[PDB]
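Asks: The file below is data-v8.txt, compact mmCIF, N, CA and C atoms:
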```txt
# COMPACT_ATOMS: atom_id res chain seq x y z
N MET A 41 10.13 14.27 -8.61
CA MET A 41 9.83 15.66 -8.18
C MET A 41 9.06 15.68 -6.87
N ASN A 42 8.65 14.52 -6.38
CA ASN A 42 7.87 14.45 -5.15
C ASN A 42 8.75 14.05 -3.97
N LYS A 43 8.11 13.62 -2.90
CA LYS A 43 8.81 13.29 -1.66
C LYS A 43 9.59 11.98 -1.80
N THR A 44 10.37 11.68 -0.78
CA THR A 44 11.14 10.45 -0.73
C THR A 44 10.75 9.64 0.50
N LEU A 45 11.04 8.34 0.48
CA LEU A 45 10.66 7.46 1.57
C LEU A 45 11.55 7.69 2.79
N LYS A 46 11.17 7.06 3.89
CA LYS A 46 11.81 7.28 5.17
C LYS A 46 12.86 6.22 5.42
N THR A 47 12.56 5.01 4.98
CA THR A 47 13.50 3.91 5.05
C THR A 47 14.28 3.81 3.74
N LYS A 48 15.60 3.86 3.84
CA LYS A 48 16.47 3.84 2.68
C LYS A 48 16.35 2.51 1.93
N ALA A 49 16.15 1.44 2.67
CA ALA A 49 15.96 0.12 2.08
C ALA A 49 14.72 0.11 1.19
N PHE A 50 13.70 0.85 1.61
CA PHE A 50 12.45 0.94 0.86
C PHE A 50 12.56 2.00 -0.23
N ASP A 51 13.19 3.12 0.11
CA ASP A 51 13.41 4.22 -0.82
C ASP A 51 14.12 3.72 -2.07
N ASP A 52 15.00 2.74 -1.88
CA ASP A 52 15.74 2.13 -2.98
C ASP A 52 14.79 1.64 -4.07
N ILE A 53 13.78 0.88 -3.69
CA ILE A 53 12.81 0.35 -4.64
C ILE A 53 12.00 1.48 -5.27
N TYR A 54 11.52 2.38 -4.43
CA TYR A 54 10.68 3.49 -4.87
C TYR A 54 11.38 4.33 -5.95
N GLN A 55 12.71 4.40 -5.89
CA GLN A 55 13.47 5.16 -6.88
C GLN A 55 13.86 4.27 -8.07
N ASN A 56 13.89 2.96 -7.84
CA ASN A 56 14.38 2.01 -8.84
C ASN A 56 13.26 1.20 -9.47
N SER A 57 12.06 1.74 -9.50
CA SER A 57 10.94 1.06 -10.13
C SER A 57 9.97 2.06 -10.76
N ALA A 58 10.24 2.42 -12.01
CA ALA A 58 9.38 3.33 -12.75
C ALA A 58 8.00 2.72 -12.96
N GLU A 59 7.96 1.41 -13.14
CA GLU A 59 6.71 0.70 -13.36
C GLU A 59 5.87 0.71 -12.09
N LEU A 60 6.52 0.90 -10.95
CA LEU A 60 5.84 0.97 -9.67
C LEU A 60 5.30 2.39 -9.47
N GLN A 61 6.08 3.36 -9.91
CA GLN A 61 5.72 4.77 -9.76
C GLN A 61 4.59 5.16 -10.71
N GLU A 62 4.56 4.55 -11.89
CA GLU A 62 3.50 4.85 -12.85
C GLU A 62 2.15 4.38 -12.32
N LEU A 63 2.16 3.24 -11.63
CA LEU A 63 0.95 2.68 -11.06
C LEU A 63 0.44 3.56 -9.93
N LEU A 64 1.37 4.10 -9.16
CA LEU A 64 1.05 4.86 -7.99
C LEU A 64 0.44 6.22 -8.36
N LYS A 65 0.47 6.56 -9.64
CA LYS A 65 -0.09 7.82 -10.11
C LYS A 65 -1.61 7.72 -10.24
N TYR A 66 -2.10 6.50 -10.43
CA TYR A 66 -3.53 6.28 -10.61
C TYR A 66 -4.27 6.48 -9.30
N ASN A 67 -5.31 7.31 -9.34
CA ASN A 67 -6.08 7.66 -8.15
C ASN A 67 -6.79 6.43 -7.59
N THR A 68 -7.03 5.46 -8.45
CA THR A 68 -7.67 4.22 -8.03
C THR A 68 -6.71 3.42 -7.17
N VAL A 69 -5.45 3.45 -7.56
CA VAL A 69 -4.38 2.82 -6.80
C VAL A 69 -4.16 3.56 -5.50
N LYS A 70 -3.87 4.84 -5.66
CA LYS A 70 -3.62 5.75 -4.55
C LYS A 70 -4.72 5.66 -3.48
N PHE A 71 -5.97 5.58 -3.94
CA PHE A 71 -7.12 5.48 -3.03
C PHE A 71 -7.08 4.21 -2.19
N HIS A 72 -6.89 3.07 -2.84
CA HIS A 72 -6.95 1.78 -2.16
C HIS A 72 -5.80 1.61 -1.19
N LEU A 73 -4.69 2.26 -1.47
CA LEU A 73 -3.53 2.20 -0.61
C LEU A 73 -3.74 3.07 0.63
N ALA A 74 -4.55 4.11 0.49
CA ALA A 74 -4.89 4.97 1.62
C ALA A 74 -5.78 4.23 2.61
N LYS A 75 -6.58 3.30 2.08
CA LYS A 75 -7.46 2.49 2.91
C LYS A 75 -6.66 1.69 3.94
N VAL A 76 -5.50 1.19 3.53
CA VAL A 76 -4.70 0.35 4.40
C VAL A 76 -3.83 1.20 5.32
N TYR A 77 -3.46 2.39 4.86
CA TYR A 77 -2.64 3.30 5.66
C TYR A 77 -3.36 3.68 6.95
N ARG A 78 -4.68 3.77 6.87
CA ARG A 78 -5.50 4.03 8.05
C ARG A 78 -5.26 2.96 9.11
N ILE A 79 -5.11 1.73 8.63
CA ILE A 79 -5.00 0.56 9.50
C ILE A 79 -3.67 0.55 10.25
N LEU A 80 -2.57 0.74 9.53
CA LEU A 80 -1.25 0.71 10.16
C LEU A 80 -1.09 1.85 11.15
N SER A 81 -1.93 2.86 11.03
CA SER A 81 -1.90 3.99 11.95
C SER A 81 -2.81 3.73 13.15
N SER A 82 -3.89 2.97 12.94
CA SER A 82 -4.88 2.74 13.98
C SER A 82 -5.94 1.73 13.52
N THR A 83 -6.42 0.92 14.45
CA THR A 83 -7.49 -0.03 14.15
C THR A 83 -8.85 0.62 14.39
N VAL A 84 -8.84 1.66 15.21
CA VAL A 84 -10.04 2.42 15.52
C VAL A 84 -9.72 3.90 15.57
N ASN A 85 -10.75 4.73 15.50
CA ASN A 85 -10.57 6.17 15.46
C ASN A 85 -10.57 6.75 16.87
N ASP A 86 -10.41 5.86 17.84
CA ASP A 86 -10.30 6.25 19.24
C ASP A 86 -8.85 6.49 19.59
N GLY A 87 -7.98 5.66 19.06
CA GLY A 87 -6.56 5.79 19.32
C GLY A 87 -5.78 4.59 18.83
N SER A 88 -5.61 3.61 19.72
CA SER A 88 -4.85 2.37 19.47
C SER A 88 -3.38 2.64 19.10
N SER A 89 -2.55 1.61 19.24
CA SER A 89 -1.12 1.69 18.97
C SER A 89 -0.41 2.56 20.01
N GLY A 90 0.07 1.92 21.07
CA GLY A 90 0.80 2.64 22.09
C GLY A 90 2.26 2.25 22.10
N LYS A 91 2.52 0.98 22.41
CA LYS A 91 3.87 0.45 22.38
C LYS A 91 3.87 -0.93 21.74
N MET A 92 2.70 -1.33 21.31
CA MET A 92 2.48 -2.59 20.60
C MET A 92 1.28 -2.40 19.68
N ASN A 93 0.54 -3.48 19.42
CA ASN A 93 -0.71 -3.42 18.65
C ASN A 93 -0.42 -3.30 17.14
N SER A 94 0.71 -2.71 16.81
CA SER A 94 1.11 -2.50 15.43
C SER A 94 1.31 -3.82 14.68
N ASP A 95 1.73 -4.86 15.40
CA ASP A 95 1.94 -6.17 14.79
C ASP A 95 0.60 -6.79 14.44
N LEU A 96 -0.40 -6.41 15.20
CA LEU A 96 -1.76 -6.81 14.95
C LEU A 96 -2.33 -6.03 13.76
N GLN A 97 -1.99 -4.75 13.69
CA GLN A 97 -2.41 -3.90 12.58
C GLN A 97 -1.88 -4.43 11.26
N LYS A 98 -0.71 -5.07 11.31
CA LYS A 98 -0.14 -5.74 10.15
C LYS A 98 -1.15 -6.70 9.52
N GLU A 99 -1.84 -7.47 10.36
CA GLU A 99 -2.80 -8.46 9.89
C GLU A 99 -3.97 -7.78 9.21
N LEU A 100 -4.57 -6.82 9.90
CA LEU A 100 -5.74 -6.12 9.38
C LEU A 100 -5.40 -5.41 8.08
N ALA A 101 -4.16 -4.98 7.96
CA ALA A 101 -3.69 -4.34 6.75
C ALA A 101 -3.60 -5.35 5.60
N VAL A 102 -2.98 -6.50 5.86
CA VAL A 102 -2.89 -7.56 4.86
C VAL A 102 -4.29 -8.01 4.44
N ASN A 103 -5.21 -8.02 5.40
CA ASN A 103 -6.61 -8.38 5.15
C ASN A 103 -7.18 -7.57 3.99
N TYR A 104 -6.76 -6.32 3.88
CA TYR A 104 -7.20 -5.47 2.79
C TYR A 104 -6.51 -5.85 1.49
N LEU A 105 -5.19 -5.95 1.51
CA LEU A 105 -4.43 -6.25 0.29
C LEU A 105 -4.79 -7.62 -0.27
N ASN A 106 -5.25 -8.52 0.60
CA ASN A 106 -5.68 -9.84 0.16
C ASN A 106 -6.87 -9.75 -0.79
N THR A 107 -7.61 -8.66 -0.72
CA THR A 107 -8.77 -8.48 -1.58
C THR A 107 -8.38 -7.64 -2.79
N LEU A 108 -7.14 -7.17 -2.78
CA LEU A 108 -6.63 -6.29 -3.83
C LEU A 108 -5.69 -7.04 -4.77
N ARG A 109 -5.09 -8.12 -4.29
CA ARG A 109 -4.13 -8.87 -5.07
C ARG A 109 -4.83 -9.84 -6.02
N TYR A 110 -4.03 -10.61 -6.75
CA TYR A 110 -4.55 -11.54 -7.75
C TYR A 110 -5.57 -12.50 -7.15
N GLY A 111 -6.77 -12.50 -7.71
CA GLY A 111 -7.81 -13.40 -7.25
C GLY A 111 -8.59 -12.86 -6.07
N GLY A 112 -8.59 -11.54 -5.90
CA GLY A 112 -9.36 -10.94 -4.84
C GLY A 112 -10.79 -10.68 -5.28
N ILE A 113 -11.46 -9.78 -4.58
CA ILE A 113 -12.85 -9.48 -4.88
C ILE A 113 -12.98 -8.14 -5.58
N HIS A 114 -12.23 -7.15 -5.11
CA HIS A 114 -12.20 -5.85 -5.75
C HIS A 114 -10.77 -5.53 -6.14
N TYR A 115 -10.11 -6.51 -6.73
CA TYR A 115 -8.71 -6.38 -7.06
C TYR A 115 -8.53 -5.48 -8.27
N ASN A 116 -7.40 -4.81 -8.33
CA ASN A 116 -7.12 -3.88 -9.41
C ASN A 116 -5.81 -4.25 -10.07
N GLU A 117 -5.76 -4.09 -11.39
CA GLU A 117 -4.59 -4.50 -12.17
C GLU A 117 -3.35 -3.73 -11.75
N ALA A 118 -3.54 -2.46 -11.40
CA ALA A 118 -2.44 -1.62 -11.00
C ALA A 118 -2.02 -1.92 -9.58
N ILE A 119 -2.94 -2.46 -8.79
CA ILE A 119 -2.62 -2.88 -7.43
C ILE A 119 -1.93 -4.23 -7.45
N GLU A 120 -2.42 -5.12 -8.31
CA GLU A 120 -1.80 -6.42 -8.52
C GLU A 120 -0.34 -6.22 -8.91
N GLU A 121 -0.12 -5.40 -9.93
CA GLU A 121 1.23 -5.10 -10.38
C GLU A 121 2.01 -4.33 -9.32
N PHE A 122 1.33 -3.43 -8.62
CA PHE A 122 1.96 -2.64 -7.56
C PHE A 122 2.65 -3.55 -6.55
N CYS A 123 1.90 -4.51 -6.01
CA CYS A 123 2.45 -5.41 -5.01
C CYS A 123 3.52 -6.31 -5.62
N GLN A 124 3.30 -6.75 -6.86
CA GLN A 124 4.24 -7.65 -7.53
C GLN A 124 5.59 -6.97 -7.74
N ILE A 125 5.57 -5.79 -8.35
CA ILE A 125 6.78 -5.04 -8.65
C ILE A 125 7.51 -4.66 -7.37
N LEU A 126 6.74 -4.23 -6.38
CA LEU A 126 7.29 -3.82 -5.10
C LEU A 126 8.02 -4.97 -4.44
N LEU A 127 7.28 -6.02 -4.16
CA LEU A 127 7.81 -7.17 -3.44
C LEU A 127 8.93 -7.82 -4.24
N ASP A 128 8.87 -7.64 -5.55
CA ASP A 128 9.88 -8.16 -6.46
C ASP A 128 11.26 -7.68 -6.05
N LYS A 129 11.37 -6.37 -5.87
CA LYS A 129 12.64 -5.76 -5.51
C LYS A 129 12.95 -6.01 -4.04
N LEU A 130 11.90 -6.13 -3.23
CA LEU A 130 12.05 -6.44 -1.80
C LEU A 130 12.66 -7.82 -1.59
N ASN A 131 12.38 -8.73 -2.51
CA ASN A 131 12.96 -10.07 -2.44
C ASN A 131 14.27 -10.12 -3.19
N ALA A 132 14.48 -9.15 -4.07
CA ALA A 132 15.70 -9.09 -4.87
C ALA A 132 16.78 -8.26 -4.19
N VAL A 133 16.51 -7.83 -2.97
CA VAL A 133 17.49 -7.12 -2.17
C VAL A 133 18.04 -8.03 -1.08
N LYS A 134 17.35 -9.15 -0.90
CA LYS A 134 17.71 -10.12 0.13
C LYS A 134 18.92 -10.95 -0.28
N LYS A 135 20.07 -10.28 -0.34
CA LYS A 135 21.34 -10.91 -0.65
C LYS A 135 21.27 -11.67 -1.97
N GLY B 1 -4.93 -14.38 7.85
CA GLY B 1 -4.44 -15.14 9.02
C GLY B 1 -3.14 -14.58 9.52
N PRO B 2 -3.02 -14.35 10.85
CA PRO B 2 -1.89 -13.66 11.48
C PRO B 2 -0.55 -13.87 10.78
N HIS B 3 -0.13 -12.85 10.03
CA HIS B 3 1.12 -12.88 9.27
C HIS B 3 1.05 -13.91 8.16
N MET B 4 0.53 -13.48 7.01
CA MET B 4 0.30 -14.35 5.87
C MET B 4 1.60 -14.82 5.23
N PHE B 5 1.48 -15.48 4.08
CA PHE B 5 2.62 -16.09 3.40
C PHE B 5 3.72 -15.08 3.12
N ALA B 6 4.94 -15.49 3.43
CA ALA B 6 6.13 -14.66 3.25
C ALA B 6 6.05 -13.37 4.06
N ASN B 7 7.06 -12.53 3.95
CA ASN B 7 7.09 -11.28 4.68
C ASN B 7 6.95 -10.11 3.72
N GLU B 8 6.60 -10.43 2.48
CA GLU B 8 6.39 -9.42 1.45
C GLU B 8 5.28 -8.46 1.85
N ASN B 9 4.14 -9.00 2.27
CA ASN B 9 3.00 -8.19 2.67
C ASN B 9 3.41 -7.26 3.80
N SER B 10 4.18 -7.80 4.74
CA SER B 10 4.66 -7.04 5.89
C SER B 10 5.42 -5.79 5.44
N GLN B 11 6.32 -5.97 4.48
CA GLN B 11 7.11 -4.86 3.97
C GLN B 11 6.24 -3.92 3.14
N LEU B 12 5.33 -4.50 2.37
CA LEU B 12 4.39 -3.74 1.55
C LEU B 12 3.61 -2.74 2.39
N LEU B 13 3.18 -3.18 3.56
CA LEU B 13 2.36 -2.36 4.45
C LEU B 13 3.11 -1.12 4.90
N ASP B 14 4.32 -1.31 5.41
CA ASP B 14 5.12 -0.20 5.91
C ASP B 14 5.59 0.68 4.75
N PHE B 15 5.74 0.08 3.58
CA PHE B 15 6.07 0.82 2.37
C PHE B 15 4.97 1.84 2.07
N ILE B 16 3.75 1.34 1.92
CA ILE B 16 2.59 2.20 1.68
C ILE B 16 2.41 3.20 2.82
N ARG B 17 2.73 2.74 4.02
CA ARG B 17 2.64 3.54 5.22
C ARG B 17 3.56 4.76 5.14
N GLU B 18 4.77 4.56 4.64
CA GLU B 18 5.73 5.65 4.48
C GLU B 18 5.25 6.65 3.44
N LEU B 19 4.58 6.15 2.40
CA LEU B 19 4.00 7.01 1.37
C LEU B 19 3.09 8.05 2.01
N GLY B 20 2.16 7.59 2.84
CA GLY B 20 1.21 8.48 3.47
C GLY B 20 1.83 9.34 4.55
N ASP B 21 3.01 8.95 5.03
CA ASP B 21 3.67 9.69 6.10
C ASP B 21 4.39 10.92 5.55
N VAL B 22 4.85 10.83 4.31
CA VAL B 22 5.60 11.93 3.70
C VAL B 22 4.73 12.74 2.74
N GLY B 23 3.61 12.16 2.32
CA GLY B 23 2.71 12.87 1.44
C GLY B 23 2.76 12.37 0.02
N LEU B 24 3.01 11.08 -0.15
CA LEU B 24 3.02 10.47 -1.47
C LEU B 24 1.72 9.71 -1.70
N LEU B 25 0.90 9.62 -0.66
CA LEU B 25 -0.32 8.85 -0.72
C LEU B 25 -1.54 9.76 -0.81
N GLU B 26 -1.28 11.05 -0.73
CA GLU B 26 -2.31 12.06 -0.91
C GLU B 26 -2.97 11.92 -2.28
N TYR B 27 -4.27 12.15 -2.34
CA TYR B 27 -5.03 11.99 -3.58
C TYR B 27 -6.26 12.89 -3.61
N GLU B 28 -6.91 12.92 -4.77
CA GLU B 28 -8.16 13.62 -4.96
C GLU B 28 -9.02 12.84 -5.94
N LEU B 29 -10.29 12.67 -5.60
CA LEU B 29 -11.20 11.89 -6.43
C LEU B 29 -12.33 12.75 -6.96
N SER B 30 -12.62 12.60 -8.23
CA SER B 30 -13.74 13.28 -8.86
C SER B 30 -15.03 12.50 -8.61
N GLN B 31 -16.18 13.09 -8.91
CA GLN B 31 -17.46 12.42 -8.69
C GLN B 31 -17.48 11.05 -9.35
N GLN B 32 -16.98 10.98 -10.57
CA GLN B 32 -16.94 9.73 -11.32
C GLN B 32 -16.03 8.72 -10.62
N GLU B 33 -14.91 9.21 -10.12
CA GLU B 33 -13.94 8.35 -9.45
C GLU B 33 -14.48 7.87 -8.11
N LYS B 34 -15.33 8.67 -7.50
CA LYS B 34 -15.88 8.33 -6.20
C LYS B 34 -16.96 7.28 -6.35
N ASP B 35 -17.62 7.30 -7.49
CA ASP B 35 -18.70 6.37 -7.77
C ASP B 35 -18.18 4.96 -8.00
N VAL B 36 -17.00 4.86 -8.60
CA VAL B 36 -16.44 3.56 -8.93
C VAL B 36 -15.71 2.96 -7.73
N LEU B 37 -15.24 3.81 -6.84
CA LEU B 37 -14.47 3.36 -5.68
C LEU B 37 -15.36 3.18 -4.46
N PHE B 38 -16.12 4.21 -4.10
CA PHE B 38 -17.00 4.14 -2.94
C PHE B 38 -18.32 3.51 -3.33
N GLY B 39 -18.69 3.67 -4.59
CA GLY B 39 -19.97 3.17 -5.05
C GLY B 39 -21.05 4.24 -4.98
N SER B 40 -20.69 5.38 -4.40
CA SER B 40 -21.62 6.48 -4.25
C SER B 40 -20.84 7.78 -4.07
```
Could you render the structure as structure tokens?
Replies:
Amino acid sequence: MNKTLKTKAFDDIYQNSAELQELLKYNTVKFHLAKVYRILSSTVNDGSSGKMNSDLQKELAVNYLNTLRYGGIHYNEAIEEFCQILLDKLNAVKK
Amino acid sequence: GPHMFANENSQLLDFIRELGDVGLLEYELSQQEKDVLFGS
């Protein structure tokens, strides 16, 4: 009943993973994912990201998820499963 | 470290990114929820 993704390759998983969507309902999940969304948009609140820099933002973004995944510091079960289920289908689409 | 193991994380990032771009990442936190996440 909500929005759809922008990339069809990604939208595929989002529609084909109920276990992923159930996790995304949790505000604890939703919150931590918003933390990283800030990063892919900008490294600073001045601006950043003109015609590059985004590949660098990739790192800073992973830096966050590294603390959210299995064996992190403030890792969450729904985030652990979130990344697992997500990447699961992302690797299961690779031919 | 610049581009960690596999490209899963890479896809994960833009995935979550698309969520917030269309309005799937929008949320609301109660006082209790803010205490456990922000700590205050």
Asks: Could you list, as a list in words, every residue of chain B that has an atom within 6 Å of an atom of chain A, counting only N, CA and C atoms?
Replies: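 Using only N, CA and C atoms, chain B residues at most 6 Å from chain A: residues 2, 3, 8, 16, 17, 18 and 25 of chain B.
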Asks: So how far away is atom C of residue A:116 from atom CA of residue A:59, in Å?
Replies: 13.9 Å
Asks: One decimal, in Å: what's the spacing between atom C of residue B:38 and atom N of residue B:23?
Replies: 24.2 Å
Asks: Going by DSSP on the backbone, which residues of chain B come out as helix (DSSP H, G or I)? List them as a count of residues only.
Replies: 22
Asks: Would you compute the box with edges along x, y and z of the file around stretch 109-126 of chain A, including every atom the file lists for it and 6 Å extra on each side, and give its centre and edge lengths in Å to one decimal, as AutoDock Vina command-line options?
Replies:
```
--center_x -2.5 --center_y -7.5 --center_z -8.2 --size_x 33.0 --size_y 23.8 --size_z 19.9
```
Asks: In Å to one decimal, how far is atom C of residue B:15 from atom CA of residue A:83?
Replies: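 According to the coordinates, atom CA of residue A:83 and atom C of residue B:15 are separated by 17.5 Å.
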